[PDB]
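There is one chain below, alone, in structure tokens, taken in the form deposited without nicotinamide-adenine-dinucleotide (NAD).
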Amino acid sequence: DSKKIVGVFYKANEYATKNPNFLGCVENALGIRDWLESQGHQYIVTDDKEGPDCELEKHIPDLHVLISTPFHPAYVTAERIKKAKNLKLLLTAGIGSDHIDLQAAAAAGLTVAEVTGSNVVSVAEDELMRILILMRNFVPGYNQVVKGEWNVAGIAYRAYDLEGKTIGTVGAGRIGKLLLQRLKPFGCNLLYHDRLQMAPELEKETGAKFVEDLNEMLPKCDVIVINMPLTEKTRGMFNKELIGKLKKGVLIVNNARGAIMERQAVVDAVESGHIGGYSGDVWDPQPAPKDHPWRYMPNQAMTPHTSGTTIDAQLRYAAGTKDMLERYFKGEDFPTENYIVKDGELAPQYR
């Protein structure tokens, strides 16, 4: 049976023609249009997703599948679900489904799925990059170039080699483990904290040592890398008190969640110098407002939230979405780890 598939993405405009492999946008649309159309399906793609009169609302009443990404999410409210006569399947071309009312999706008998695990190398690489940027003091150097300056002393006094430094990851899930594997050849003192100790062999291969007590690990670190979920426990954990316990001049890398830090506590400790540098691509709020203080604080090496939307990540997102569409058309189960809701059943982790 012919299906109506709706994809919601932002417009990349000229960027989409400069790079036809930029799949996560309206213009290239996951690179699945030719295939969908060849199979007799309709593929409607739009960025116009907000308001009673938006293009998306024209299609909600009769679409079968709705696809979006956390970069320009089509919010799936109970109100919208109730209007959707044919809707069966919600796909995230990426990871993240916070824009979906999962309980309402479950109540309506829907399936909700995402491309599990497809960003992990991207984020790990990005963390390693930031460790080097902060340790080696790249940003002040770059800023001199642009300003016509040449002041070696002003860079060197806060520039170190990574070799020999103590690096701790707070969390050793998939991303943290990939990070530790990439840090191994740099000759560091690697520490990690997690609910779950890595296997002895993996500790040997990475040289990473398990520190059961997080409060024991933190003060030893030249660099701290945040690699845990945002929870009631981790929310604002990096406050004035905890930051004070860290090594004077500590460097912090955070591609996890912005709110794991107390926003102002970071600003204060960066201004005093207790934190020597802070780098990450996650913010609170996000997108970061024009006046977000982390933009303007000393020694920041921030970027917007893009580490998981490199072209290679996007290709994985598009491929996983195509695979799930094919399986949906053929009545085959998705990979178990991709399901958030399956035919009205919310996975236990999400309850």
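When you see a residue number, it is the position in the sequence shown, counting from 1.
The same protein has a further form, the form deposited with nicotinamide-adenine-dinucleotide (NAD) bound, not shown here; the description that follows concerns it.
Contact check for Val282: a non-hydrogen atom falls within 4.5 Å of nicotinamide-adenine-dinucleotide (NAD) in the deposited bound form. Within 4.5 Å of any heavy atom of nicotinamide-adenine-dinucleotide (NAD) in the deposited bound form lies no heavy atom of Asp213. Using a 4.5 Å cutoff between non-hydrogen atoms, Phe71 counts as a contact of nicotinamide-adenine-dinucleotide (NAD) in the deposited bound form. Contact between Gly207 and nicotinamide-adenine-dinucleotide (NAD) in the deposited bound form is not found at the 4.5 Å heavy atom cutoff. Site annotation in the deposited bound form: the residue of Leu128, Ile175, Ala113, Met217 reaching within 4.5 Å of nicotinamide-adenine-dinucleotide (NAD) with a heavy atom is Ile175.
A heavy atom within 4.5 Å of nicotinamide-adenine-dinucleotide (NAD) in the deposited bound form is found for one listed residue only; from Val146, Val152, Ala78, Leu196, this is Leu196.
None of 269-277, 222-230, 161-169, 102-110 except one has non-hydrogen atoms within 4.5 angstroms of nicotinamide-adenine-dinucleotide (NAD) in the deposited bound form; the exception is 222-230. Contact check for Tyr10, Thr46 and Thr303: none of the three has a heavy atom within 4.5 Å of nicotinamide-adenine-dinucleotide (NAD) in the deposited bound form.
When one rigid part swings against the other between the shown form and the other one, the hinge lies at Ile311 among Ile311, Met297, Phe210, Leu230.
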